[PDB]
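S.K.: Provided below: upload38.tsv, containing TSV, N, CA and C atoms.
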```
chain	number	residue	atom	x	y	z
A	2104	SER	N	-43.80	22.71	-190.94
A	2104	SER	CA	-44.46	23.89	-191.51
A	2104	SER	C	-45.03	24.79	-190.42
A	2105	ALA	N	-45.68	24.20	-189.42
A	2105	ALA	CA	-46.27	25.00	-188.35
A	2105	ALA	C	-45.19	25.75	-187.57
A	2106	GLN	N	-44.06	25.10	-187.31
A	2106	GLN	CA	-42.97	25.76	-186.60
A	2106	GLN	C	-42.44	26.95	-187.39
A	2107	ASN	N	-42.31	26.79	-188.71
A	2107	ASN	CA	-41.88	27.92	-189.53
A	2107	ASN	C	-42.85	29.09	-189.42
A	2108	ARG	N	-44.15	28.80	-189.48
A	2108	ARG	CA	-45.14	29.87	-189.34
A	2108	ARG	C	-45.00	30.58	-188.00
A	2109	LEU	N	-44.84	29.81	-186.92
A	2109	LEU	CA	-44.70	30.40	-185.60
A	2109	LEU	C	-43.48	31.31	-185.53
A	2110	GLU	N	-42.35	30.86	-186.08
A	2110	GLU	CA	-41.15	31.68	-186.04
A	2110	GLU	C	-41.35	32.99	-186.80
A	2111	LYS	N	-41.96	32.92	-187.98
A	2111	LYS	CA	-42.18	34.14	-188.76
A	2111	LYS	C	-43.05	35.13	-188.00
A	2112	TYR	N	-44.17	34.65	-187.44
A	2112	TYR	CA	-45.08	35.57	-186.76
A	2112	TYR	C	-44.47	36.12	-185.48
A	2113	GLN	N	-43.70	35.30	-184.76
A	2113	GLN	CA	-43.03	35.79	-183.56
A	2113	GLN	C	-42.03	36.87	-183.89
A	2114	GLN	N	-41.26	36.68	-184.97
A	2114	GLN	CA	-40.31	37.71	-185.38
A	2114	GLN	C	-41.04	39.00	-185.74
A	2115	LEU	N	-42.14	38.89	-186.49
A	2115	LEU	CA	-42.90	40.08	-186.85
A	2115	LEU	C	-43.42	40.80	-185.62
A	2116	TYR	N	-43.96	40.05	-184.66
A	2116	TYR	CA	-44.50	40.67	-183.45
A	2116	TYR	C	-43.41	41.35	-182.64
A	2117	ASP	N	-42.24	40.72	-182.53
A	2117	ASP	CA	-41.16	41.31	-181.76
A	2117	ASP	C	-40.63	42.58	-182.42
A	2118	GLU	N	-40.52	42.58	-183.75
A	2118	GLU	CA	-39.99	43.75	-184.44
A	2118	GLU	C	-40.86	44.97	-184.20
A	2119	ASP	N	-42.18	44.80	-184.27
A	2119	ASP	CA	-43.16	45.86	-183.99
A	2119	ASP	C	-42.98	46.98	-185.00
A	2120	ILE	N	-42.77	48.22	-184.59
A	2120	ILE	CA	-42.71	49.35	-185.50
A	2120	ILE	C	-41.27	49.54	-185.97
A	2121	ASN	N	-41.07	49.51	-187.28
A	2121	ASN	CA	-39.74	49.70	-187.85
A	2121	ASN	C	-39.42	51.19	-187.88
A	2122	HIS	N	-38.31	51.56	-188.52
A	2122	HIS	CA	-37.86	52.95	-188.47
A	2122	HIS	C	-38.64	53.86	-189.41
A	2123	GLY	N	-39.08	53.35	-190.56
A	2123	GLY	CA	-39.77	54.20	-191.51
A	2123	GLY	C	-41.05	54.79	-190.94
A	2124	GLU	N	-41.82	53.97	-190.23
A	2124	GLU	CA	-43.06	54.45	-189.63
A	2124	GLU	C	-42.78	55.49	-188.54
A	2125	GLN	N	-41.73	55.27	-187.74
A	2125	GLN	CA	-41.34	56.27	-186.75
A	2125	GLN	C	-41.01	57.59	-187.43
A	2126	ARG	N	-40.25	57.54	-188.52
A	2126	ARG	CA	-39.89	58.75	-189.23
A	2126	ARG	C	-41.12	59.45	-189.78
A	2127	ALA	N	-42.06	58.69	-190.32
A	2127	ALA	CA	-43.28	59.29	-190.85
A	2127	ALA	C	-44.07	60.00	-189.76
A	2128	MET	N	-44.22	59.36	-188.60
A	2128	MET	CA	-44.97	59.99	-187.52
A	2128	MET	C	-44.26	61.24	-187.01
A	2129	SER	N	-42.93	61.19	-186.90
A	2129	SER	CA	-42.19	62.37	-186.48
A	2129	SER	C	-42.36	63.50	-187.49
A	2130	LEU	N	-42.39	63.16	-188.78
A	2130	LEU	CA	-42.59	64.18	-189.81
A	2130	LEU	C	-43.96	64.82	-189.69
A	2131	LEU	N	-45.00	64.03	-189.44
A	2131	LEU	CA	-46.32	64.61	-189.27
A	2131	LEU	C	-46.37	65.53	-188.06
A	2132	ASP	N	-45.74	65.12	-186.96
A	2132	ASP	CA	-45.70	65.97	-185.78
A	2132	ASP	C	-44.98	67.29	-186.09
A	2133	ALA	N	-43.84	67.21	-186.77
A	2133	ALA	CA	-43.10	68.42	-187.10
A	2133	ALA	C	-43.90	69.33	-188.02
A	2134	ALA	N	-44.64	68.74	-188.96
A	2134	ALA	CA	-45.49	69.54	-189.84
A	2134	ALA	C	-46.56	70.27	-189.05
A	2135	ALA	N	-47.18	69.59	-188.09
A	2135	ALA	CA	-48.18	70.25	-187.26
A	2135	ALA	C	-47.57	71.41	-186.49
A	2136	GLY	N	-46.38	71.19	-185.93
A	2136	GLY	CA	-45.72	72.27	-185.20
A	2136	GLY	C	-45.40	73.46	-186.07
A	2137	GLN	N	-44.86	73.21	-187.26
A	2137	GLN	CA	-44.54	74.31	-188.17
A	2137	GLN	C	-45.79	75.07	-188.58
A	2138	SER	N	-46.88	74.34	-188.84
A	2138	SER	CA	-48.13	75.01	-189.19
A	2138	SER	C	-48.62	75.89	-188.05
A	2139	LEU	N	-48.52	75.40	-186.82
A	2139	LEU	CA	-48.97	76.20	-185.68
A	2139	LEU	C	-48.07	77.41	-185.45
A	2140	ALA	N	-46.81	77.34	-185.85
A	2140	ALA	CA	-45.85	78.38	-185.49
A	2140	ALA	C	-46.10	79.72	-186.17
A	2141	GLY	N	-46.98	79.80	-187.17
A	2141	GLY	CA	-47.14	81.03	-187.92
A	2141	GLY	C	-48.14	82.03	-187.40
A	2142	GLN	N	-48.86	81.72	-186.33
A	2142	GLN	CA	-49.93	82.59	-185.87
A	2142	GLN	C	-49.39	83.92	-185.35
A	2143	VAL	N	-48.29	83.89	-184.60
A	2143	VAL	CA	-47.73	85.12	-184.06
A	2143	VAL	C	-47.27	86.03	-185.19
A	2144	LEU	N	-46.63	85.46	-186.21
A	2144	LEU	CA	-46.20	86.26	-187.35
A	2144	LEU	C	-47.38	86.84	-188.10
A	2145	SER	N	-48.46	86.06	-188.26
A	2145	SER	CA	-49.64	86.60	-188.93
A	2145	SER	C	-50.23	87.77	-188.17
A	2146	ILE	N	-50.34	87.65	-186.85
A	2146	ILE	CA	-50.88	88.74	-186.05
A	2146	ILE	C	-49.98	89.96	-186.12
A	2147	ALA	N	-48.66	89.75	-186.09
A	2147	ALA	CA	-47.73	90.86	-186.20
A	2147	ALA	C	-47.87	91.57	-187.53
A	2148	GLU	N	-48.02	90.81	-188.62
A	2148	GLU	CA	-48.22	91.44	-189.92
A	2148	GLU	C	-49.51	92.25	-189.94
A	2149	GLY	N	-50.57	91.70	-189.36
A	2149	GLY	CA	-51.83	92.43	-189.31
A	2149	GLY	C	-51.71	93.74	-188.56
A	2150	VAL	N	-51.03	93.72	-187.41
A	2150	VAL	CA	-50.92	94.94	-186.63
A	2150	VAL	C	-49.95	95.92	-187.28
A	2151	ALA	N	-48.98	95.43	-188.05
A	2151	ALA	CA	-48.04	96.32	-188.71
A	2151	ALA	C	-48.62	96.98	-189.95
A	2152	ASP	N	-49.54	96.31	-190.64
A	2152	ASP	CA	-50.06	96.87	-191.88
A	2152	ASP	C	-51.02	98.04	-191.65
B	2202	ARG	N	-45.41	42.75	-198.84
B	2202	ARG	CA	-44.48	41.75	-199.37
B	2202	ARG	C	-44.18	40.67	-198.33
B	2203	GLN	N	-44.01	41.07	-197.07
B	2203	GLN	CA	-43.77	40.08	-196.02
B	2203	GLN	C	-44.93	39.10	-195.90
B	2204	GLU	N	-46.16	39.61	-195.97
B	2204	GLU	CA	-47.32	38.72	-195.93
B	2204	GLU	C	-47.30	37.74	-197.09
B	2205	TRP	N	-46.94	38.22	-198.29
B	2205	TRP	CA	-46.86	37.32	-199.44
B	2205	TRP	C	-45.84	36.22	-199.20
B	2206	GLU	N	-44.70	36.56	-198.60
B	2206	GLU	CA	-43.69	35.55	-198.31
B	2206	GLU	C	-44.24	34.47	-197.38
B	2207	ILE	N	-44.97	34.89	-196.34
B	2207	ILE	CA	-45.54	33.90	-195.43
B	2207	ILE	C	-46.50	32.97	-196.17
B	2208	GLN	N	-47.33	33.53	-197.04
B	2208	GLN	CA	-48.26	32.69	-197.80
B	2208	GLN	C	-47.51	31.69	-198.68
B	2209	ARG	N	-46.41	32.13	-199.30
B	2209	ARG	CA	-45.62	31.22	-200.12
B	2209	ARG	C	-45.08	30.06	-199.30
B	2210	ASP	N	-44.57	30.36	-198.10
B	2210	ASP	CA	-44.07	29.29	-197.24
B	2210	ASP	C	-45.17	28.29	-196.89
B	2211	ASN	N	-46.37	28.80	-196.59
B	2211	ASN	CA	-47.48	27.91	-196.27
B	2211	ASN	C	-47.79	26.98	-197.44
B	2212	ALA	N	-47.83	27.52	-198.66
B	2212	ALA	CA	-48.13	26.69	-199.82
B	2212	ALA	C	-47.07	25.62	-200.02
B	2213	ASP	N	-45.80	25.98	-199.85
B	2213	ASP	CA	-44.73	25.00	-200.01
B	2213	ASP	C	-44.87	23.86	-199.00
B	2214	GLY	N	-45.14	24.21	-197.74
B	2214	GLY	CA	-45.32	23.17	-196.73
B	2214	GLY	C	-46.48	22.25	-197.07
B	2215	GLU	N	-47.57	22.82	-197.57
B	2215	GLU	CA	-48.71	22.00	-197.97
B	2215	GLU	C	-48.32	21.02	-199.07
B	2216	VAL	N	-47.55	21.48	-200.06
B	2216	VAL	CA	-47.15	20.60	-201.15
B	2216	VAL	C	-46.30	19.45	-200.63
B	2217	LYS	N	-45.35	19.74	-199.74
B	2217	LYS	CA	-44.50	18.68	-199.20
B	2217	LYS	C	-45.32	17.65	-198.43
B	2218	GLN	N	-46.26	18.12	-197.61
B	2218	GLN	CA	-47.11	17.20	-196.86
B	2218	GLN	C	-47.90	16.30	-197.80
B	2219	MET	N	-48.44	16.87	-198.87
B	2219	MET	CA	-49.24	16.08	-199.80
B	2219	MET	C	-48.37	15.04	-200.50
B	2220	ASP	N	-47.13	15.41	-200.83
B	2220	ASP	CA	-46.21	14.45	-201.42
B	2220	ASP	C	-45.98	13.26	-200.50
B	2221	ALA	N	-45.83	13.51	-199.20
B	2221	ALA	CA	-45.63	12.38	-198.28
B	2221	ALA	C	-46.89	11.52	-198.16
B	2222	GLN	N	-48.06	12.15	-198.14
B	2222	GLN	CA	-49.30	11.38	-198.12
B	2222	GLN	C	-49.40	10.45	-199.32
B	2223	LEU	N	-48.82	10.85	-200.46
B	2223	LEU	CA	-48.81	9.96	-201.61
B	2223	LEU	C	-48.09	8.64	-201.31
B	2224	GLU	N	-46.93	8.72	-200.65
B	2224	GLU	CA	-46.20	7.51	-200.28
B	2224	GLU	C	-47.05	6.64	-199.37
B	2225	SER	N	-47.70	7.25	-198.38
B	2225	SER	CA	-48.54	6.46	-197.49
B	2225	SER	C	-49.64	5.74	-198.27
B	2226	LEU	N	-50.29	6.44	-199.19
B	2226	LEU	CA	-51.39	5.84	-199.94
B	2226	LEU	C	-50.91	4.67	-200.79
B	2227	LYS	N	-49.75	4.80	-201.43
B	2227	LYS	CA	-49.31	3.69	-202.27
B	2227	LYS	C	-48.90	2.48	-201.43
B	2228	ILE	N	-48.36	2.71	-200.23
B	2228	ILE	CA	-48.10	1.57	-199.35
B	2228	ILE	C	-49.40	0.84	-199.02
B	2229	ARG	N	-50.46	1.61	-198.72
B	2229	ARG	CA	-51.74	0.97	-198.44
B	2229	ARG	C	-52.24	0.17	-199.64
B	2230	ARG	N	-52.06	0.71	-200.85
B	2230	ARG	CA	-52.48	-0.02	-202.05
B	2230	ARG	C	-51.74	-1.34	-202.18
B	2231	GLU	N	-50.43	-1.33	-201.92
B	2231	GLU	CA	-49.67	-2.58	-201.98
B	2231	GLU	C	-50.20	-3.60	-200.98
B	2232	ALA	N	-50.53	-3.14	-199.77
B	2232	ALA	CA	-51.09	-4.05	-198.78
B	2232	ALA	C	-52.40	-4.67	-199.27
B	2233	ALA	N	-53.26	-3.86	-199.89
B	2233	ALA	CA	-54.52	-4.38	-200.40
B	2233	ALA	C	-54.29	-5.43	-201.49
B	2234	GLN	N	-53.32	-5.18	-202.37
B	2234	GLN	CA	-53.03	-6.17	-203.41
B	2234	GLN	C	-52.56	-7.49	-202.80
B	2235	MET	N	-51.71	-7.41	-201.77
B	2235	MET	CA	-51.28	-8.63	-201.10
B	2235	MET	C	-52.47	-9.36	-200.48
B	2236	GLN	N	-53.45	-8.60	-199.98
B	2236	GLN	CA	-54.66	-9.23	-199.45
B	2236	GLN	C	-55.41	-10.00	-200.54
B	2237	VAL	N	-55.50	-9.42	-201.74
B	2237	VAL	CA	-56.15	-10.12	-202.85
B	2237	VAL	C	-55.43	-11.44	-203.13
B	2238	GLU	N	-54.10	-11.39	-203.15
B	2238	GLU	CA	-53.33	-12.62	-203.39
B	2238	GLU	C	-53.60	-13.66	-202.31
B	2239	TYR	N	-53.73	-13.20	-201.06
B	2239	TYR	CA	-54.04	-14.11	-199.96
B	2239	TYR	C	-55.38	-14.81	-200.18
B	2240	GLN	N	-56.39	-14.05	-200.60
B	2240	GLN	CA	-57.69	-14.66	-200.87
B	2240	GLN	C	-57.61	-15.69	-201.99
B	2241	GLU	N	-56.85	-15.38	-203.05
B	2241	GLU	CA	-56.69	-16.34	-204.14
B	2241	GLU	C	-56.03	-17.62	-203.64
B	2242	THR	N	-55.03	-17.49	-202.77
B	2242	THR	CA	-54.39	-18.68	-202.21
B	2242	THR	C	-55.38	-19.51	-201.41
B	2243	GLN	N	-56.27	-18.85	-200.66
B	2243	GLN	CA	-57.29	-19.59	-199.92
B	2243	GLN	C	-58.19	-20.39	-200.86
B	2244	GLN	N	-58.59	-19.77	-201.97
B	2244	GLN	CA	-59.42	-20.50	-202.93
B	2244	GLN	C	-58.69	-21.71	-203.49
B	2245	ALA	N	-57.41	-21.55	-203.82
B	2245	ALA	CA	-56.63	-22.68	-204.32
B	2245	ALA	C	-56.54	-23.79	-203.28
B	2246	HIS	N	-56.42	-23.41	-202.01
B	2246	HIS	CA	-56.38	-24.41	-200.94
B	2246	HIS	C	-57.68	-25.20	-200.88
B	2247	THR	N	-58.82	-24.51	-201.00
B	2247	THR	CA	-60.09	-25.22	-201.01
B	2247	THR	C	-60.17	-26.19	-202.18
B	2248	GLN	N	-59.69	-25.77	-203.35
B	2248	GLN	CA	-59.66	-26.66	-204.50
B	2248	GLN	C	-58.83	-27.91	-204.22
B	2249	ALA	N	-57.66	-27.72	-203.61
B	2249	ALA	CA	-56.80	-28.86	-203.30
B	2249	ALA	C	-57.48	-29.81	-202.32
B	2250	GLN	N	-58.17	-29.25	-201.32
B	2250	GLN	CA	-58.88	-30.08	-200.35
B	2250	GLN	C	-59.93	-30.94	-201.04
```
Show me the file's structure as structure tokens.

M.R.:
Amino acid sequence: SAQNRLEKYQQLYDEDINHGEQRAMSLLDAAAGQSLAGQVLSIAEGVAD
Amino acid sequence: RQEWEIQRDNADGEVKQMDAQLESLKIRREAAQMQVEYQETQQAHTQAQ
């Protein structure tokens, strides 16, 4: 039983971060970038109006 | 879900270990019964003497 526990935990530790979490973090980064990207357009609209 | 699986494995191992301890305990009980028989034989020997 103890050996089985060790194997399970070692596999979990080696796997570390799977792909879904990487995708989620990349999505948050992209969202931040897109949100930041609108300032120049907002200023241009203000100066054009 | 992975954590739940690990817990299930732990419980199964515990059950198997307890099952084996049962065999050990009944062997000890048989030894004790044989000891009782030995004492009875000693009493019969004293009677014969």

S.K.: Quick one, how far is CA of residue 2105 (chain A) from CA of residue 2214 (chain B)?

M.R.: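 About the pair CA of residue 2105 (chain A) and CA of residue 2214 (chain B): they are 8.6 Å apart.
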
S.K.: Quick one: which residues from chain B are at most 8 Å off chain A, using only N, CA and C atoms, as a list in words?

M.R.: residues 2207, 2210, 2211, 2213, 2214 and 2215 of chain B

S.K.: Which value, in Å to one decimal, gives the distance between atom N of residue 2132 (chain A) and atom C of residue 2147 (chain A)?

M.R.: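 Taking atom N of residue 2132 (chain A) as the start and atom C of residue 2147 (chain A) as the end point, the length is 26.5 Å.
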
S.K.: Please, what distance in Å, to one decimal, runs between CA of residue 2122 (chain A) and CA of residue 2135 (chain A)?

M.R.: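 So the answer is 20.2 Å.
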
S.K.: How would region 2203-2234 of chain B look written as a PDB file, in the first residue's frame with N, CA, C and O atoms?

M.R.:
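selection.pdb was written with the following content:
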```pdb
ATOM      1  N   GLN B2203      -8.707  13.190  -8.737  1.00  0.00           N
ATOM      2  CA  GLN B2203      -7.479  12.434  -8.497  1.00  0.00           C
ATOM      3  C   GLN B2203      -7.251  12.207  -7.004  1.00  0.00           C
ATOM      4  O   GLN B2203      -6.860  11.107  -6.578  1.00  0.00           O
ATOM      5  N   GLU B2204      -7.494  13.238  -6.194  1.00  0.00           N
ATOM      6  CA  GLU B2204      -7.358  13.071  -4.750  1.00  0.00           C
ATOM      7  C   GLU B2204      -8.308  12.000  -4.226  1.00  0.00           C
ATOM      8  O   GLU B2204      -7.931  11.178  -3.375  1.00  0.00           O
ATOM      9  N   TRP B2205      -9.544  11.991  -4.725  1.00  0.00           N
ATOM     10  CA  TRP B2205     -10.492  10.966  -4.301  1.00  0.00           C
ATOM     11  C   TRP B2205      -9.986   9.572  -4.643  1.00  0.00           C
ATOM     12  O   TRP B2205     -10.138   8.632  -3.853  1.00  0.00           O
ATOM     13  N   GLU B2206      -9.389   9.418  -5.826  1.00  0.00           N
ATOM     14  CA  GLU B2206      -8.848   8.116  -6.206  1.00  0.00           C
ATOM     15  C   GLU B2206      -7.760   7.665  -5.237  1.00  0.00           C
ATOM     16  O   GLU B2206      -7.715   6.491  -4.835  1.00  0.00           O
ATOM     17  N   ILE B2207      -6.874   8.584  -4.851  1.00  0.00           N
ATOM     18  CA  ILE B2207      -5.824   8.219  -3.899  1.00  0.00           C
ATOM     19  C   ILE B2207      -6.435   7.757  -2.580  1.00  0.00           C
ATOM     20  O   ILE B2207      -5.997   6.757  -1.986  1.00  0.00           O
ATOM     21  N   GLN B2208      -7.454   8.473  -2.100  1.00  0.00           N
ATOM     22  CA  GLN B2208      -8.097   8.072  -0.850  1.00  0.00           C
ATOM     23  C   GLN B2208      -8.712   6.680  -0.962  1.00  0.00           C
ATOM     24  O   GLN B2208      -8.632   5.873  -0.022  1.00  0.00           O
ATOM     25  N   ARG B2209      -9.335   6.383  -2.104  1.00  0.00           N
ATOM     26  CA  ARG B2209      -9.914   5.059  -2.306  1.00  0.00           C
ATOM     27  C   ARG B2209      -8.850   3.973  -2.226  1.00  0.00           C
ATOM     28  O   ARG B2209      -9.060   2.923  -1.600  1.00  0.00           O
ATOM     29  N   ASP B2210      -7.699   4.209  -2.859  1.00  0.00           N
ATOM     30  CA  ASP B2210      -6.622   3.225  -2.796  1.00  0.00           C
ATOM     31  C   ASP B2210      -6.159   3.005  -1.361  1.00  0.00           C
ATOM     32  O   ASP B2210      -5.907   1.864  -0.945  1.00  0.00           O
ATOM     33  N   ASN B2211      -6.035   4.090  -0.591  1.00  0.00           N
ATOM     34  CA  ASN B2211      -5.630   3.949   0.806  1.00  0.00           C
ATOM     35  C   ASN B2211      -6.613   3.083   1.583  1.00  0.00           C
ATOM     36  O   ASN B2211      -6.206   2.195   2.348  1.00  0.00           O
ATOM     37  N   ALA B2212      -7.912   3.326   1.398  1.00  0.00           N
ATOM     38  CA  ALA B2212      -8.908   2.541   2.122  1.00  0.00           C
ATOM     39  C   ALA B2212      -8.833   1.067   1.747  1.00  0.00           C
ATOM     40  O   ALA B2212      -8.932   0.187   2.615  1.00  0.00           O
ATOM     41  N   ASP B2213      -8.657   0.775   0.456  1.00  0.00           N
ATOM     42  CA  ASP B2213      -8.553  -0.619   0.033  1.00  0.00           C
ATOM     43  C   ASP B2213      -7.353  -1.307   0.676  1.00  0.00           C
ATOM     44  O   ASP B2213      -7.457  -2.449   1.155  1.00  0.00           O
ATOM     45  N   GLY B2214      -6.203  -0.632   0.688  1.00  0.00           N
ATOM     46  CA  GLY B2214      -5.033  -1.216   1.324  1.00  0.00           C
ATOM     47  C   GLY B2214      -5.259  -1.488   2.798  1.00  0.00           C
ATOM     48  O   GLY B2214      -4.841  -2.527   3.325  1.00  0.00           O
ATOM     49  N   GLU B2215      -5.934  -0.561   3.481  1.00  0.00           N
ATOM     50  CA  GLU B2215      -6.239  -0.770   4.891  1.00  0.00           C
ATOM     51  C   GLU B2215      -7.105  -2.007   5.089  1.00  0.00           C
ATOM     52  O   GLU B2215      -6.867  -2.803   6.010  1.00  0.00           O
ATOM     53  N   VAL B2216      -8.110  -2.192   4.232  1.00  0.00           N
ATOM     54  CA  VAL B2216      -8.983  -3.357   4.370  1.00  0.00           C
ATOM     55  C   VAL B2216      -8.194  -4.649   4.188  1.00  0.00           C
ATOM     56  O   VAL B2216      -8.367  -5.611   4.947  1.00  0.00           O
ATOM     57  N   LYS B2217      -7.321  -4.696   3.180  1.00  0.00           N
ATOM     58  CA  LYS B2217      -6.537  -5.912   2.959  1.00  0.00           C
ATOM     59  C   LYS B2217      -5.636  -6.219   4.154  1.00  0.00           C
ATOM     60  O   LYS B2217      -5.534  -7.376   4.597  1.00  0.00           O
ATOM     61  N   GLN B2218      -4.981  -5.189   4.694  1.00  0.00           N
ATOM     62  CA  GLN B2218      -4.128  -5.396   5.857  1.00  0.00           C
ATOM     63  C   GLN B2218      -4.921  -5.949   7.033  1.00  0.00           C
ATOM     64  O   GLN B2218      -4.465  -6.862   7.736  1.00  0.00           O
ATOM     65  N   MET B2219      -6.118  -5.410   7.259  1.00  0.00           N
ATOM     66  CA  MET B2219      -6.927  -5.869   8.382  1.00  0.00           C
ATOM     67  C   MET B2219      -7.354  -7.320   8.179  1.00  0.00           C
ATOM     68  O   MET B2219      -7.374  -8.121   9.130  1.00  0.00           O
ATOM     69  N   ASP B2220      -7.671  -7.684   6.933  1.00  0.00           N
ATOM     70  CA  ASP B2220      -8.007  -9.072   6.634  1.00  0.00           C
ATOM     71  C   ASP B2220      -6.863 -10.010   6.993  1.00  0.00           C
ATOM     72  O   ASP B2220      -7.095 -11.101   7.520  1.00  0.00           O
ATOM     73  N   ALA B2221      -5.624  -9.617   6.693  1.00  0.00           N
ATOM     74  CA  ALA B2221      -4.496 -10.485   7.047  1.00  0.00           C
ATOM     75  C   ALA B2221      -4.296 -10.565   8.564  1.00  0.00           C
ATOM     76  O   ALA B2221      -3.975 -11.640   9.115  1.00  0.00           O
ATOM     77  N   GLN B2222      -4.475  -9.438   9.257  1.00  0.00           N
ATOM     78  CA  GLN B2222      -4.387  -9.469  10.714  1.00  0.00           C
ATOM     79  C   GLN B2222      -5.391 -10.445  11.311  1.00  0.00           C
ATOM     80  O   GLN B2222      -5.129 -11.039  12.364  1.00  0.00           O
ATOM     81  N   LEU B2223      -6.540 -10.623  10.656  1.00  0.00           N
ATOM     82  CA  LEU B2223      -7.503 -11.613  11.141  1.00  0.00           C
ATOM     83  C   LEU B2223      -6.906 -13.018  11.164  1.00  0.00           C
ATOM     84  O   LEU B2223      -7.090 -13.767  12.137  1.00  0.00           O
ATOM     85  N   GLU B2224      -6.201 -13.399  10.095  1.00  0.00           N
ATOM     86  CA  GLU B2224      -5.558 -14.707  10.053  1.00  0.00           C
ATOM     87  C   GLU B2224      -4.555 -14.850  11.185  1.00  0.00           C
ATOM     88  O   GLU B2224      -4.506 -15.886  11.870  1.00  0.00           O
ATOM     89  N   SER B2225      -3.749 -13.810  11.398  1.00  0.00           N
ATOM     90  CA  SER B2225      -2.778 -13.879  12.488  1.00  0.00           C
ATOM     91  C   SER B2225      -3.469 -14.101  13.832  1.00  0.00           C
ATOM     92  O   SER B2225      -3.041 -14.944  14.640  1.00  0.00           O
ATOM     93  N   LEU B2226      -4.554 -13.365  14.079  1.00  0.00           N
ATOM     94  CA  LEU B2226      -5.243 -13.478  15.360  1.00  0.00           C
ATOM     95  C   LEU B2226      -5.816 -14.874  15.565  1.00  0.00           C
ATOM     96  O   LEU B2226      -5.744 -15.427  16.671  1.00  0.00           O
ATOM     97  N   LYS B2227      -6.397 -15.467  14.519  1.00  0.00           N
ATOM     98  CA  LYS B2227      -6.975 -16.791  14.736  1.00  0.00           C
ATOM     99  C   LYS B2227      -5.897 -17.848  14.947  1.00  0.00           C
ATOM    100  O   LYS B2227      -6.113 -18.810  15.699  1.00  0.00           O
ATOM    101  N   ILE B2228      -4.728 -17.688  14.319  1.00  0.00           N
ATOM    102  CA  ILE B2228      -3.630 -18.606  14.625  1.00  0.00           C
ATOM    103  C   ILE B2228      -3.249 -18.504  16.098  1.00  0.00           C
ATOM    104  O   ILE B2228      -3.029 -19.522  16.778  1.00  0.00           O
ATOM    105  N   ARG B2229      -3.173 -17.277  16.620  1.00  0.00           N
ATOM    106  CA  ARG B2229      -2.862 -17.119  18.040  1.00  0.00           C
ATOM    107  C   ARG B2229      -3.914 -17.790  18.917  1.00  0.00           C
ATOM    108  O   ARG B2229      -3.587 -18.412  19.939  1.00  0.00           O
ATOM    109  N   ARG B2230      -5.188 -17.663  18.541  1.00  0.00           N
ATOM    110  CA  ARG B2230      -6.249 -18.302  19.315  1.00  0.00           C
ATOM    111  C   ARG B2230      -6.082 -19.816  19.343  1.00  0.00           C
ATOM    112  O   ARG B2230      -6.267 -20.456  20.389  1.00  0.00           O
ATOM    113  N   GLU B2231      -5.741 -20.408  18.197  1.00  0.00           N
ATOM    114  CA  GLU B2231      -5.511 -21.849  18.161  1.00  0.00           C
ATOM    115  C   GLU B2231      -4.367 -22.247  19.086  1.00  0.00           C
ATOM    116  O   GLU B2231      -4.448 -23.264  19.794  1.00  0.00           O
ATOM    117  N   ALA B2232      -3.292 -21.456  19.097  1.00  0.00           N
ATOM    118  CA  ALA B2232      -2.182 -21.751  20.001  1.00  0.00           C
ATOM    119  C   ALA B2232      -2.630 -21.718  21.459  1.00  0.00           C
ATOM    120  O   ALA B2232      -2.247 -22.583  22.260  1.00  0.00           O
ATOM    121  N   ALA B2233      -3.448 -20.729  21.822  1.00  0.00           N
ATOM    122  CA  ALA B2233      -3.931 -20.647  23.199  1.00  0.00           C
ATOM    123  C   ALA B2233      -4.782 -21.860  23.567  1.00  0.00           C
ATOM    124  O   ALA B2233      -4.686 -22.389  24.686  1.00  0.00           O
ATOM    125  N   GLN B2234      -5.632 -22.311  22.642  1.00  0.00           N
ATOM    126  CA  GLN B2234      -6.437 -23.498  22.922  1.00  0.00           C
ATOM    127  C   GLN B2234      -5.558 -24.722  23.148  1.00  0.00           C
ATOM    128  O   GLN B2234      -5.813 -25.532  24.055  1.00  0.00           O
TER     129      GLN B2234
END
```
